[PDB]
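Here is the structure we will look at.
Reckoned from all heavy atoms, side chains included, excluding hydrogens, waters and symmetry mates. A, B, ... follow the sequence lines: proteins, then strands. Residue 1 opens every chain.
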Amino acid sequence: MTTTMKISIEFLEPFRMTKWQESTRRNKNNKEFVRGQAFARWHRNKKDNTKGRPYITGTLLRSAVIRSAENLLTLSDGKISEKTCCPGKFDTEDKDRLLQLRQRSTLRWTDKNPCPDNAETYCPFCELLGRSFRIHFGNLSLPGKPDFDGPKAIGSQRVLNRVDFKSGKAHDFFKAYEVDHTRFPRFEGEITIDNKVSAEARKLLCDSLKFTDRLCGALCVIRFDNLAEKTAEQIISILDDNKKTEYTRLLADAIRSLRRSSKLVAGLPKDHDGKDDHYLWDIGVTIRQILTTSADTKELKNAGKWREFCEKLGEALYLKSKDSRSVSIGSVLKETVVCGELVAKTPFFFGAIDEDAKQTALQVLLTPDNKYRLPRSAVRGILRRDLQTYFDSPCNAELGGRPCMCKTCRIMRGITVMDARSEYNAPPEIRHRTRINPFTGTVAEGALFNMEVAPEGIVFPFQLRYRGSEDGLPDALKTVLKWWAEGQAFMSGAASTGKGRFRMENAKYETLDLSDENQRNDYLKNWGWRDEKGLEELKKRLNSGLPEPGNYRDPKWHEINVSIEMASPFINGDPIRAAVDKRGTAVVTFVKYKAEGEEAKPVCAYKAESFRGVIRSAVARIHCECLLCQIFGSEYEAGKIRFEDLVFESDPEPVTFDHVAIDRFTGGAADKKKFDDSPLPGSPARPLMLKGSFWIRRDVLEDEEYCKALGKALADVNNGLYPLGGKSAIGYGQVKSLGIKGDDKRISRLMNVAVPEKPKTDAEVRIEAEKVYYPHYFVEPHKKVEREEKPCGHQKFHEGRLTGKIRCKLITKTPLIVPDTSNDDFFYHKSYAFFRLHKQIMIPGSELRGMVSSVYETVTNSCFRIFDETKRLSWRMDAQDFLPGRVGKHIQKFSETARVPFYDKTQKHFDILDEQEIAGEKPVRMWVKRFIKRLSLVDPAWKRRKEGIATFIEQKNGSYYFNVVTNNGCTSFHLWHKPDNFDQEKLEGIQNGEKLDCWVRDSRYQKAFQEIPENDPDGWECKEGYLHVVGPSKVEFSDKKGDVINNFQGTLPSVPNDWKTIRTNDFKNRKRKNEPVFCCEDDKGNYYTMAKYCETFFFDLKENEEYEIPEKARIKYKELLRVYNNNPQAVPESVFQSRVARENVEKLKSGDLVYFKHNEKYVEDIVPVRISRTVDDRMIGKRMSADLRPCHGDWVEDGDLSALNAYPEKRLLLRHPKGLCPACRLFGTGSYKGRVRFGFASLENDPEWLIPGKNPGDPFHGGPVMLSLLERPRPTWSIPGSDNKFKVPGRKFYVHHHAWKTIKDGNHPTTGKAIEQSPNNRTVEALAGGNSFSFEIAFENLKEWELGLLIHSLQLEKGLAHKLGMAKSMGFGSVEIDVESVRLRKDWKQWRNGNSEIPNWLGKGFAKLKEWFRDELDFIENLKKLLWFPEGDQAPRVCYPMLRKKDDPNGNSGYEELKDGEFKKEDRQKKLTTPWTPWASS
Amino acid sequence: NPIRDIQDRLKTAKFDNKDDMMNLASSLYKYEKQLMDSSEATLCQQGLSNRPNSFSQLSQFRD
RNA sequence: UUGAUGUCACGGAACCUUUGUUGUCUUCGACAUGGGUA
RNA sequence: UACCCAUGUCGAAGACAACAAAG
Ligand SMILES: [Zn+2]
Ligand SMILES: [Zn+2]
Ligand SMILES: [Zn+2]
Ligand SMILES: [Zn+2]
């Protein structure tokens, strides 16, 4: 007989579990099996299926109970109740059967020998052991014994590593499953006790059960009595159907960024003009409408459901985008409890990678309910590391063997920490990180990754218990806890980038003496206050504060505070946030989150990784066991410096700046290269403040060499050499001052002739008052572009290279327009103000960079940096080698054509043919007349001069119908003939049968009718053919009455909805009753005049003559259709548009009727209508020398080049063989950072305005001036045909003149009439002449001639000027640059003044130009003539010709008459490549 | 100059010979390695001469 | 779903290295349409 | 199958190229 007591284990922590192993693997030799003998176990229902459930063996619980009983007997001198206990027996002779042996010492209380191996009476400790089944521990299982699919249904596997104390890097790791106590808190089992067991043994068992506090790796209390996949597939299908796959990875991440809130869907960006045509969210139903109904779903109303939905969607889209001994410790035992909080003072990173989520490279550890976890293992490891730091002795222990006996291990064996989680469950933030190639200055290959970051401000509960024989906590533990209470708790990974610094707050402690019987019994009764109720009761009696260490050692890290002050804009790029932000920009600055309570506050910051990288680059150029490896760490050793995020002192609102790239040929915007950015505004008047701090190890701070290195690097940073952030080339991120505090001044100690005038130009341009000159000209480049194989590297300051600064002043010689494009309605008609940054008038560094680059690319003959190489040109034909045809591998040839009247009233064909016959799919049967006979009654007083007899029949309405026989009676025909003078006067009476000799002539009359006209029944064949209807498309629409529409009689009919009901109302020529015309009115479109009444009919089909269509003809046809369907000048009414434009024909199909020209074998050109467009065989980039095209450019050849995608050598197919041109070596290319930075240009004095402002009290705002239409540059004019004789003439430069005066008066610069306001013209705020701006250009590693030629490109000569801003064709924007300061860098400390050595540089520059271009420097003279500012009292007349002379009151010839006169295609390129060549003499 | 090496073995490559193709693959892999590990060889800012023929040979190699 | 006179696994920090960066003037004039007469 | 032209309207570009993790 026996009694069963039921036992329940409640876990207060996530416990640990092993993996199921084969029944043969369950042996002593298996390392993994024996490593996991202190964990929970997984039970498989069937061997080959993972379905199962967790359990805990009774052997583990028995071992824990035995250990607790040893402790309790040691605390009570081995006396349980009256009875005493022997030390027990732990020696077995046949050790091999035992799976495990005791490697720990056995607690000793009494010295007598163990109980006899066969004794009638046994001590209670032996009964608990089992020497006398007296006590049987059973297995513990979940209540009800449920089943789960696998171990992953209850927990997750985590990697737990072991690091080296000296290096700070891990060297091995192991894994285990972690199961949450929130989901599986309780296990149940039974203990069976025989009736013969003594009551003392029962009391010992109960005490050991209440004293057992840890099991399976956790604190325990023992008591005894499919939408996401569908949405993803829909979005993917919409992406592929619209040919927008490239955006998938941008859509994958942005939608993931939506996991924070479902409200963010309503705040998704719209397009410019505010419509739903975003290039991402309106690709489709639109993707925005997919994500809007997904947010209204009842299932996804909860935040957690929305978060899981967004994460699943992002992961799916990302995946698609990718595709023994006996020792006595004594009776003195005390337990110290320390309770408090660990608050994150920096974002923290506890690394844990989930292999079912691959979108993020680095991930943080979370609980199943998406809370942040402070794992027990990390706290224990950090405590061990800090104890080793205190003792200064590493622990050289190895896994296995007897317990280590160093002070660190002795303290750690008495330490218990509790796993913690937060009340904050918001999603972690994602940070982008890259690595920069030191030589080129751009990112390395593959160096782009993501990192999940937990926010700062998260509060973790903290509890630590130390059990030991000492009076209280050890001195080392007190010192470590003092360090933690001061914020020196570096607990997480990624410490070098300021992650995981915690502070311990609200610390309370209490020591309990377990050597006292009363206190020990109270501790046993309340289960040691481990559960929440007992923990609260214990916390009510916790003493505030912590013990003060007797022997305190100083912390090893010291805080150095950084103050950065920047006089320029700043951006830390975050493209993903810019895609879900309502601002609708291309990039926004970095923003992080701070956890306040359970909410998240966004703050703008400078990332710690970026600052670390910039500083590391700074130290590595003024100079593995290198100084850099011992200061900043390496892949082998952890670093000694930890940089943190820098936050701005006063919160700046982001501002949006617009940029566009200008074609070097057309002088206009390049295709698809209009963008914007959202930096943080900075300026000299109101700089940006960046406050932060980093941490440096003391041993580094007391080393002279490391401090000297850091001091020189930070001195160079303070001197502006190293900009912060992105886009420094355009003046962003200039550090004006950097200050370091808190280093005892060990690092901070190290941080500490007029200009020659311009030469006068020799350029002479003679202006005559009679002539009128063109607004722009072209500089024909030289035939040679010098390239170099290897550009200079950004890796060091090379010897013999000049590094420094240029301070310059820009002066306005004519009015300047630099617009502020944030507001389009400053004064629908668009109005703009002058560019300002914080109410300070400025010119962005991008404008000045482009303006100076345009001249530097010309001074040094270089590549055309910006060029639309892939543009294909088209020309309109004029009113013979275009033959009819029907498609389709080949097109057949038709022999002849005829006009079939369709929109007249003479026929009823629209009734008598079906839709397919009209469309041209089915052949038709129509009579064709080719010649019409017209007779004179008398000999003329005419080559045929046919003479024949005529018999009159009838006369009515003047006309005479009669039958005529001629050709000696061979040919007889009937006709009607109107009365003709000198011929019909002979016949005055109607005898009805009179004979008369007459002369019949033949006139060409190519017509075809389905039924023969009843008037003329003679001379018609019956040939088959195809009817080609394009529709009524020859229309001359206008907003004002002309001649035809004004001569209309009656009310003007409305434009009919159908294009088949059109019928001719009026005739242009009424005397001869020809030129039929249909006239109509429609609202603002006003007057439509259709002058086309005959469609075309192709007959005599010759099938044998079919001609091949190569892919060139098809791509040219596709271009023709694209330009037809995307025409801004198209007629408003679609009934007057051709079928290729009316129905949006996107490709040629079999059976379509066309006009083609061909060679002997292949077709050369295909058009859909009689008079159409012709496309060029080459793209425009083939019209210039290969040395002139961009060094790194586009594919102009006939190859896809997408087959070699996912292969790197493709980049070598877009790069020039010889390297980089001088401009690409200085300003940079996509793969190579430039060596020049242009800063913002601030205005020195008060502004001078072109137009006086409305308010006299405000002199910082100016009056508005309205400009004429600004229209696209046309390469068609410069390159007037497909002949090879026509090339790209060169770089376009606009001349300096004063045409802006007429526009300031309000008159058109050509007609002289008023500029009437329209929705397309613009109004601008402009500055006047005499304004001075000051700006700064920074250069590094420049050869002497580069400085000389850059100085020349800035200053040029006196009598020369630059062009900046808008409306350069209207005279605005002449400026001049004079260099005021050239500072040169010789040492990190010494900077010399370089105003003296300006001449030599210039000369050397010119010397280079001599060896490059020997006596052939003629492009320089042309550029000089174009840069030529007109002299005083010398005012040229410069304007654009009008369309026609009738539109120009001045009588100057328009574009049409100029096309065939002075500007004929033959001499157009020579007149437009010769600077200052007139087009009108007046 | 890895790119000059690739150019030479491209101009001398015959696709029938396995040895030439293996050598060309070795040159391409060497250039890839130079790109991966930041070095001075990343300052090779040039392309390939005879773009149509080089493209044809590279596409045949990838086929 | 463990065996028993022998389990320091609270015996082990997923740790160490990496700059969201390189390149780009908010710029600008001749074009669009297809027929008609003999 | 030869000639002949006729009409006067109208905005465009709105991001592109590269890197998407290595040791
Ligand atoms: Zn005993
Ligand atoms: Zn040790
Ligand atoms: Zn090193
Ligand atoms: Zn170039």
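- When rounded to the nearest whole Å, the span between CD1 of A:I866 and P of D:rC16 equals 16 Å.
- In this structure, A:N572 CG and A:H432 NE2 are separated by 11.0 Å, a value rounded to the nearest 0.5 Å.
- C:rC28 and D:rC10 are spaced 23 Å apart, taking the P atom of each and rounding to whole Å.
- Using cut-offs of 30° and 60° for the angle between ring planes, the A:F611 and A:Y606 rings count as tilted.
- Stacking of the bases of D:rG14 and D:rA15 is not indicated, since the six-membered rings fail the criterion of centres under 5.5 Å apart and planes under 30° apart.
- Take the nearest nucleotide of RNA chain C for A:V660 and for A:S728: the residue whose nucleotide is more 5' is A:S728.
- Of the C1' atoms belonging to C:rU5 and C:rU1, the separation is 24 Å, rounded to the nearest Å.
- The separation between A:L1458 atom CG and C:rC31 atom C1' is 15 Å, rounded to whole Å.
- Rounded to whole Å, the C1' atom of D:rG8 lies 15 Å from the corresponding atom of C:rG29.
- Comparing A:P819 and A:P575 against RNA chain C, the residue whose closest nucleotide sits nearer the 5' end is A:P575.
- Across all strands, A:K175 comes closer than 4.0 Å to no nucleic acid atom at all (heavy-atom distances).
- Taking the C1' atoms as reference points, C:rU26 lies 15 Å from D:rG11, given to the whole Å.
- Distance CD1 (A:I932) to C1' (D:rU1): 16 Å, rounded to an integer number of Å.
- Straight-line distance between the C1' atoms of C:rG3 and C:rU7: roughly 14 Å, to the nearest whole Å.
- Residues A:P1032 and A:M1090 share a closest heavy-atom pair of CB-SD, 3.4 Å.
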